[PDB]
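Take a look at the letters that make up each chain.
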Amino acid sequence: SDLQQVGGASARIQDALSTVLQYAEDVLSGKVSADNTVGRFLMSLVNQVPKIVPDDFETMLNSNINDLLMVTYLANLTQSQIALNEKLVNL
Amino acid sequence: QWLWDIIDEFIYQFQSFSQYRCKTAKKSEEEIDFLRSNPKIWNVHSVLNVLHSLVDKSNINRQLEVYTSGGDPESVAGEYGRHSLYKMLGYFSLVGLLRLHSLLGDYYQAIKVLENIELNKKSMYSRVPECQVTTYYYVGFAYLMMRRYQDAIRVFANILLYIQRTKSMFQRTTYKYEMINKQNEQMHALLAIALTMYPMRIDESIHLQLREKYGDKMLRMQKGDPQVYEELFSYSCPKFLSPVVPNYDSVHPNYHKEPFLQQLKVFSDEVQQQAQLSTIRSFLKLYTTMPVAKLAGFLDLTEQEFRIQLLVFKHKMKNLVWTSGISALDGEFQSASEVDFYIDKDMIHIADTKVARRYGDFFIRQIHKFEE
Amino acid sequence: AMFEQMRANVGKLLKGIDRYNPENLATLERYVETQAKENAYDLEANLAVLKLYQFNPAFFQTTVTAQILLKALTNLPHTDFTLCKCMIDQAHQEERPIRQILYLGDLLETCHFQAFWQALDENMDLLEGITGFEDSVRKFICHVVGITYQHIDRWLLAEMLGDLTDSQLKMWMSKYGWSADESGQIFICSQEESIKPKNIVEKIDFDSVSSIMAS
Amino acid sequence: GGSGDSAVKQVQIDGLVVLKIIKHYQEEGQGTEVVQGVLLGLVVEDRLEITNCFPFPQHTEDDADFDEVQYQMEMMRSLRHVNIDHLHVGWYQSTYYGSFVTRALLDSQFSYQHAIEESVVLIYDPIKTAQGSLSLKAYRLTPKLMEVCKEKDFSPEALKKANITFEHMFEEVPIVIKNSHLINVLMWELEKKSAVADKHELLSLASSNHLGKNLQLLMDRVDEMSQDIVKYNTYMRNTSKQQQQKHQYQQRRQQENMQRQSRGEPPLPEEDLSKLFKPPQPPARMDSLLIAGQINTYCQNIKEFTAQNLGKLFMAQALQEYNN
């Protein structure tokens, strides 16, 4: 829950950084230390998140959405299988 | 003997309890706060509440069996013993909710149902799971009545699931529970036949053994072998306005013979066209926009001879559940295909395995605390 | 302008204490008489009449049974003929004009209008007497096609509607926001309006389950 | 606020303790359950503020043999010279498993808590739990078990203690919540690897870019789970099949032998009546294997609730992010 809060905090650093280094060169002569430094690292953001726009890979994931549900379902059922089996000791 | 003085005893103390329960439930709060104070046991007069409502619905129908024509029993029950207890100061319990349940027992029995608005209007109170399982039992009927099966199935899968933690366990259901479950089998079997392929809802309530049973059952009804149309309604004929069950079958009397002919002749009308619409749709959605060759080539099984093949198929194509079409000089027979997946049934079942552990915790954990 | 007079009488019976007894077959017979005049419906009105007819089959009428039937049939595609035959017993179903308009219900509630208006008596004791029967049934006629049908032919609408060629074909045609299609059928609505799939947008339901799976 | 049962407080592990732990993280014992030390804290407001803890060196080549107490007796001498006395208010490991309560170490945790009731036993989790929910698990053992002491015994003191039915998991305390000001200088290390020597802060955000992409992260964990739930679950049920092979299936035939003989002779014994009802090996319960069976299956399900959410949040992210 909280490493997704700091993952969002990282994404705040991106937008606040990327907007000003844009609008600096909208004014006159920004994107100096941000031409092909962050320009290369905007490319490095999108190198590995997200993937280009491949809906075939979105289906791969949507089947991922099926198998975690399963991993997660198996998970909370074996939670039930604790007291269910292990505690008819408790009568 | 061993029938009639019992009929009197029950019905006399029913209308006598209707008297002092109608009168001391309208204005004052003296009996209220004294039944709060003296018996803190909030049980025996939720028992009286439901038990007498069930044996009232039964025994007034047992008197109706004899008094078919100009018969006082259902009038004196249904008007003063039900609807005077209905129009009441909505008490701070499952009393006012059980008064509108106690009359809806008769209001489903006698089939003048379309203030279903008012049945769910008057109670602004917490429909208890014990009581809302009875509400599903009650309203689900009113929506199989309204010629809307696709959303009346939404009412019965949840009660034959009995997923809402049902236990009482103070003689309260009562004395006819597995017959209620058996009627819930009739209703889910009813809403499966003319709907499959559409649900995608004979997963949850009815499971693989008696699912494939009601599968083989309803599909042989769908094929046009009416052995299941026969069997389903042959074992569902009283189940819509039964007493709880009639008293005693003998040989001679004609009075007893009328109400069972009554329950035959009026609801056999409902089921005739249920099995008709089932057999009309039965066959699979093979091809999409057929050419008129393939239209007639599929009407070779569906409906031919010969003339009036195409125009009796029009009689089979105008139903609100048959999306077809015929373009003339293109010669294109368009038809729909409404499908469903299966794997999307693991969203609140996963929460239910969480609460099933918490339930497995409950009974043993109070045992632990009482023992400690 | 007569159902504005009587709806008060209807509503005070509707939520009243005189629906079961052989008391009130007088006023709601005459509200549905008014429903027959000016094309308003309320199931409860005739329901209270057929109710005390279920109670004791002794008062049961014949032409007022036709008033129950027609005003239940004219208001299609609403489900009124269900609670007609749910109280009309075989004791009641074997007279006229009862068993006529009972079969008229067997035709209309499953769409058999050509065979209806073919074997139909061109005028009944009830036809213009309950004005709007012809149009309201022939509204339902075109509705089931307009809803679950893609392409209707000019001749097959006219044949289905009943015993007509071109005039009232184009009258029932053009009044429904319908467009004429090239020489020659009617365009009622889209041809991709056929399939009608609502639920294969599954598998974005992380949100609703996760809502619990935070703990 | 942070009290358990009468004697104990929560723990407060400031980050300077955490770093002497993760020096002997999961190395000098990688596939070896190193008991990575004893939590030398102290008793302050609501919290067992740990200050310095020493990693205990089990003879780690491929195994863990208990080394000198002279180490512990000089590490306590050592910490006393500059730091707090040996106020051991728990013991800590990691060590090569995601959320597991080891039974033999739970007995080492039990007698530890019977000695000092003011104790929570830490289970550290580095990225091996797959990151993952609950990394610091200061799991203490039930005080209702510390009541019925010793210990959890097999056939006797199982039905007795499981009618008392002491809890199986209890009080995984909240650890490191507040600016304790031990902190100070590792804050003043943030503002420099925030600042112009910032090459090291990104490389911590690199341990982010070669975690996911490549690591079986679900599969190999689910395979190790695919091994754990086939052996442990069937065995508990083999227990819960053998126990009523004896509870009823025997006492079905034990009373069948007894009832057949007319329940004794009047003038004599009652020889075989005294002989029959010879108690079976599990007569009751088997609540010793089972309690930790409760714990470890409930622990299967924390890994499972880990494999739950860790998953979801990729299926969210890559359905989220992808989609543009």
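Novice: Can you walk me through the interface of chain C and chain B in this structure?
Specialist: In many analyses, interface size is given as the accessible surface area lost on bringing the parts together. If you look at the interface, chain C gives 57 residues, while chain B gives 60 residues. A buried area of about 5,300 Å², summed over both sides, lies between chain C and chain B, and 54% of it is on carbon and sulfur atoms. When residues of chain C are sorted by the area they lose upon contact with chain B, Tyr20(C), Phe55(C) and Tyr149(C) head the list and together hold 13% of the total. On the surface where chain C and chain B come into contact, there are two salt bridges.

Novice: Explanation requested: the pattern of salt bridges in the structure shown.
Specialist: Opposite charge on two side chains lets them pair, provided their charged atoms get close. Under the definition given, this model contains 35 salt bridges over all chains. A salt bridge links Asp42(C) to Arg7(C); the nearest nitrogen and oxygen atoms lie 3.5 Å apart. Separated by 35 residues along the polypeptide, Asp42(C) in the loop between α2 (28–38) and α3 (43–55) and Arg7(C) in helix α1 (residues 3–14) bring together distant segments of the chain. The class for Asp42(C) is buried, based on a relative accessible area of 15%. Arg7(C) sits in the partly exposed class, given a relative accessible area of 36%. In this structure, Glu151(D) and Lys152(D) form a salt bridge, with 3.0 Å as the shortest nitrogen-oxygen distance. Residue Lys152(D) is classed as buried on the basis of its relative accessible area of 3%. Several salt bridges converge on common partners, so that one network encompasses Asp203(B), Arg211(B) and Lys345(B).

Novice: Explain the interface of chain D and chain A here, please?
Specialist: On the chain A side, the residues contacting the 39 residues of chain D number 33 residues. Both faces considered, chain D and chain A share a buried interface measuring about 3,200 Å² in area, 60% of it formed by carbon and sulfur atoms. For the interface between chain D and chain A, the tally reads zero salt bridges. Counting residues per element, the ones that place at least two in the side of chain D that touches chain A are α7 (219–242) and α11 (289–320) of chain D. Sort the elements by how many residues they give to the side of chain D that touches chain A and α11(D) lands first, with 20 residues.

Novice: Just to check I follow, could you spell out the pairing of strand β1 (residues 10–13) of chain D for this structure?
Specialist: If a strand is regular, its side chains alternate between the two faces of the sheet. Residue and element names in this part refer to chain D. Judged by which residues are buried, β1 turns out to be covered on both faces: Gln10 and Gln12 on one side and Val11 and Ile13 on the other are all buried. Where β1 lies against strand β4 (residues 47–50), four bridges are found, and the strand directions are parallel. Across the sheet, the residue bridging to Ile13 is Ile50, located in β4.

Novice: Explanation requested: unusual backbone geometry in the structure shown.
Specialist: Apart from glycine, the bulk of residues carry a negative phi angle, and the bulk of peptide bonds sit in the trans form. With an omega of 25 degrees, the peptide bond running from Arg307(B) to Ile308(B) counts as cis. Assignment of secondary structure puts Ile308(B) in the loop between α14 (292–302) and α15 (309–317). Each neighbour pair has its own omega, and for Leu76(C) with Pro77(C) the value is 10 degrees, a cis peptide bond. Secondary-structure assignment places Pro77(C) in the loop between α4 (63–73) and α5 (81–85). In this model, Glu305(B) sits at a positive phi of 65 degrees, which is unusual for a non-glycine residue. Among the structural elements, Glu305(B) can be located in the loop between α14 and α15. In this structure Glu305(B) comes out as exposed when scored by relative accessible area, which is 68%. For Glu270(D), which is not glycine, the phi torsion reads 55 degrees and is therefore positive. Within the secondary structure layout, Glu270(D) lies in the loop between α9 (249–260) and α10 (272–275).

Novice: Can you help me understand the packing of aromatic side chains in this one?
Specialist: Ring pairs (aromatic) are described by centroid distance and by the angle formed between their planes. All names here are of chain B. Scanning the entire structure with this criterion turns up 23 aromatic pairs over all chains. A ring pair is formed by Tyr137 and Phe141, whose centres lie 5.2 Å apart and whose planes are at 65 degrees; its orientation type is edge-to-face. Of this pair, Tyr137 and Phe141 both sit in helix α8 (residues 129–144), four residues apart, which is roughly one turn of the helix. Here the two residues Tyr137 and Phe141 agree in accessibility, since each one is buried.

Novice: In this structure, what is going on with the pairing of strand β2 (residues 324–327) of chain B? I would like to understand it.
Specialist: Residue and element names in this part refer to chain B. Where burial is concerned, the two faces of β2 agree: the one with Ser324 and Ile326 and the one with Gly325 and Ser327 are both buried. Of the pairings in the sheet, the one linking β2 to strand β3 (residues 332–335) comprises four bridges and is antiparallel in character. Note on β3: the bridge partner recorded for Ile326 is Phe333. Hairpin remark: β2 followed by β3, antiparallel, with four residues in the connecting loop; positive phi at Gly331, about 70 degrees.

Novice: Sorry, what's going on with the UniProt feature "domain: MPN" (unreviewed entry) in chain D here?
Specialist: In the numbering used here, UniProt assigns the feature "domain: MPN" (unreviewed entry) to residues 11–145 of chain D. Note that residues 11–145 of chain D is 27% helix and 19% strand, and that its end C-alpha atoms are spaced 21 Å apart.

Novice: Quick question: what am I supposed to make of the side chain of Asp203(B) here?
Specialist: Residue and element names in this part refer to chain B. If you trace the backbone, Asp203 turns up in the loop between α10 (178–193) and α11 (208–223). The exposure class assigned to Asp203 is buried, which follows from its relative accessible area of 14%. Excluding its chain neighbours within four sequence positions, the residues that come into contact with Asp203 are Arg211, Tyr342 and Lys345.

Novice: How should I be thinking about the sheet that holds strand β1 (residues 151–153) of chain C in this particular structure?
Specialist: For sheets, the rule is that strands pair by backbone hydrogen bonds, running either parallel or antiparallel. Residue and element names in this part refer to chain C. The three strands are arranged β1-β3-β2 in an open sheet whose pairing can be described as antiparallel. Every other strand in the sheet has two partners, leaving β1 and β2 (179–181) as the edge strands with one partner each. Taking each pair of neighbouring strands and ignoring which way they run, the sheet shows an average axis angle of 35 degrees. Bridge count between β1 and strand β3 (residues 185–187): three bridges; the pairing is antiparallel. Across the sheet, residue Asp153 finds its bridge partner in β3, namely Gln185.

Novice: Even after reading the chapter, I still don't get the environment of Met225(D), so can you show me in this structure?
Specialist: Residues and elements named next belong to chain D. Tracing the chain through its elements places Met225 in helix α7. Overall, the relative accessible area of 14% leaves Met225 in the buried class. Measuring from C-alpha to C-alpha, the distance between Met225 and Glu304 comes to 8.7 Å, with 79 residues separating the pair along the chain. Every residue in contact with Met225, bar those within four places of it in the chain, is listed here: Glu304 and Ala307.

Novice: Could you clarify how one ought to interpret the nonpolar core in this entry?
Specialist: Taken as a class, soluble globular proteins show a tendency for nonpolar side chains to be buried jointly. If you look at the biggest cluster of nonpolar residues, it comprises 109 residues, and the most contacted ones within it are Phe240(B) and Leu157(C). In terms of residue count, α3(C) provides more of this core than any other element does, eight residues in total. If we ignore the near neighbours within four places in the chain, the residues touching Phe240(B) are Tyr108(B), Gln109(B), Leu144(B), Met145(B), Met187(B), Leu190(B), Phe267(B) and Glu270(B). Counting residues in hydrophobic clusters, the runner-up holds 18 residues, among them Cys53(D), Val89(D), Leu122(D) and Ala138(D).

Basis of the calculations
- The numbering scheme counts residues from 1 along every chain following its written sequence, independent of the entry's numbering, with residues that lack coordinates not shown.
- Chain letters and ligand numbers both follow the written order, the letters beginning at A and the numbers at 1.
- Each value listed here was derived from the chains shown, which are themselves a piece of a larger assembly.
- Side-chain numbers come from the whole structure's heavy atoms, not from hydrogens or water.
- Pairs of residues are marked as contacts when any of their non-hydrogen atoms sit within 4.5 Å.
- Buried area: the accessible surface (1.4 Å probe) lost by two parts on joining, summed over both.
- Within this document, salt bridges are pairs made up of a side-chain nitrogen of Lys or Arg and a carboxyl oxygen of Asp or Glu, the two lying within 4 Å of each other.
- Helix and strand definitions here come from DSSP, where helices need a minimum of 4 consecutive H or I residues and strands a minimum of 2 consecutive E residues; each element is numbered from the N-terminal end.
- Exposure categories follow from relative accessible area, calculated using a 1.4 Å probe and restricted to protein chains: below 20% of the type maximum is buried, above 50% is exposed, and the middle band is partly exposed.
- At least two DSSP bridges between two strands are needed for those strands to be called paired.
- Here a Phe, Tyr or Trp ring, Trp counted by its six-membered ring, pairs with any other such ring whose centre lies within 6.5 Å, and the pair is stacked when the planes are under 30 degrees apart, edge-to-face when over 60, and tilted otherwise.
- UniProt positions are given in the numbering used here, feature names are shortened, and annotations may be inferred rather than shown by experiment.
- With axes taken as lines fitted to C-alpha atoms, and helix axes fitted only over the stretch in contact, angles between N-to-C directions fall between 0 and 180 degrees.
- Buried residues of nine kinds, namely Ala, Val, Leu, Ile, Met, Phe, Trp, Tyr and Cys, make up a nonpolar core once their side-chain atoms join them within 4.5 Å.

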